[PDB]
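Before any comments, here is the structure.
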Amino acid sequence: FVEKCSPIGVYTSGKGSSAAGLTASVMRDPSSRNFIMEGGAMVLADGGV
DNA sequence: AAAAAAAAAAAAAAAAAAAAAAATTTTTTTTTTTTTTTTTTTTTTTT
């Protein structure tokens, strides 16, 4: 309910969700050399719950 | 001195050579980017 009720809200387990992380992870693309930041629950639910 | 004939001048039309003009997208390559994979190496877990 809290996840559905908060303006910004994400519900996740301790070990993250199915193909989603609990916290952000930064990687470097070998080809484009960009910094790809996979957003976990903590970063995705920024300013919310 | 004038008229008739001859010849020349001017002008216009036609032809030949030579310089000018017009027309003129498709096919193949290949580089970069992205993904895939094989091995090495590093980290984590277990005893």
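By convention in this document, the chains of the structure tokens carry letters A, B, ... by their order, each chain's residues are numbered from 1, and ligands are numbered from 1 in the order they are shown.
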
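Contacts from chain A to chain B at a cut-off of 12 Å (only C-alpha atoms (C1' of nucleotides)) map to residues 29, 30, 31 and 32 of chain A.
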
TODO: Can you pull out every residue within 8 Å of residue 45 of chain A, counting only C-alpha atoms (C1' of nucleotides), but drop anything in the same chain fewer than 6 positions away, and send it as a VMD selection string?
DONE: chain A and resid 8 to 10

Task: Close residues, segment 13-17 of chain A itself excluded, 12 Å, only C-alpha atoms (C1' of nucleotides), min 2 positions apart in chain, as a list in words - done: residues 10, 11, 19, 20, 21, 22, 23, 24, 39, 40, 41 and 42 of chain A

Open item on the list: Under the rule that only C-alpha atoms are counted, which of A:26, A:7, A:35, A:2 is the nearest residue to residue 48 of chain A?
Closed with: A:7

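Of the residues in chain A, those given strand (DSSP E) by DSSP on the backbone are residues 25, 26, 27, 28, 35, 36, 37 and 38 of chain A.
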
I need the residues from that last selection saved to file as a PDB file, in the first residue's frame (with N, CA, C and O atoms), if you can.
ATOM      1  N   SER A  25      24.408   1.039 -10.069  1.00  0.00           N
ATOM      2  CA  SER A  25      25.697   0.482 -10.465  1.00  0.00           C
ATOM      3  C   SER A  25      26.181   1.196 -11.716  1.00  0.00           C
ATOM      4  O   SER A  25      25.443   1.294 -12.699  1.00  0.00           O
ATOM      5  N   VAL A  26      27.417   1.680 -11.684  1.00  0.00           N
ATOM      6  CA  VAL A  26      28.002   2.431 -12.790  1.00  0.00           C
ATOM      7  C   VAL A  26      28.941   1.517 -13.563  1.00  0.00           C
ATOM      8  O   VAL A  26      29.756   0.804 -12.967  1.00  0.00           O
ATOM      9  N   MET A  27      28.823   1.533 -14.889  1.00  0.00           N
ATOM     10  CA  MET A  27      29.702   0.782 -15.770  1.00  0.00           C
ATOM     11  C   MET A  27      30.120   1.681 -16.924  1.00  0.00           C
ATOM     12  O   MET A  27      29.514   2.724 -17.171  1.00  0.00           O
ATOM     13  N   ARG A  28      31.172   1.275 -17.626  1.00  0.00           N
ATOM     14  CA  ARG A  28      31.655   1.996 -18.795  1.00  0.00           C
ATOM     15  C   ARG A  28      31.448   1.139 -20.034  1.00  0.00           C
ATOM     16  O   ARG A  28      31.900  -0.010 -20.084  1.00  0.00           O
ATOM     17  N   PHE A  35      29.325   6.394 -19.663  1.00  0.00           N
ATOM     18  CA  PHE A  35      29.134   5.890 -18.306  1.00  0.00           C
ATOM     19  C   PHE A  35      27.660   5.545 -18.136  1.00  0.00           C
ATOM     20  O   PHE A  35      26.828   6.418 -17.885  1.00  0.00           O
ATOM     21  N   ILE A  36      27.349   4.261 -18.269  1.00  0.00           N
ATOM     22  CA  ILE A  36      25.985   3.767 -18.142  1.00  0.00           C
ATOM     23  C   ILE A  36      25.723   3.476 -16.671  1.00  0.00           C
ATOM     24  O   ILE A  36      26.400   2.640 -16.062  1.00  0.00           O
ATOM     25  N   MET A  37      24.744   4.165 -16.103  1.00  0.00           N
ATOM     26  CA  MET A  37      24.390   4.040 -14.694  1.00  0.00           C
ATOM     27  C   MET A  37      23.071   3.281 -14.607  1.00  0.00           C
ATOM     28  O   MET A  37      22.000   3.852 -14.831  1.00  0.00           O
ATOM     29  N   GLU A  38      23.151   1.989 -14.301  1.00  0.00           N
ATOM     30  CA  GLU A  38      21.949   1.203 -14.065  1.00  0.00           C
ATOM     31  C   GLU A  38      21.346   1.616 -12.732  1.00  0.00           C
ATOM     32  O   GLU A  38      21.994   1.499 -11.686  1.00  0.00           O
TER      33      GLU A  38
END

- [ ] Please run DSSP on the backbone and report, as a count of residues only, all residues within chain A that come out as helix (DSSP H, G or I).
- [x] 8
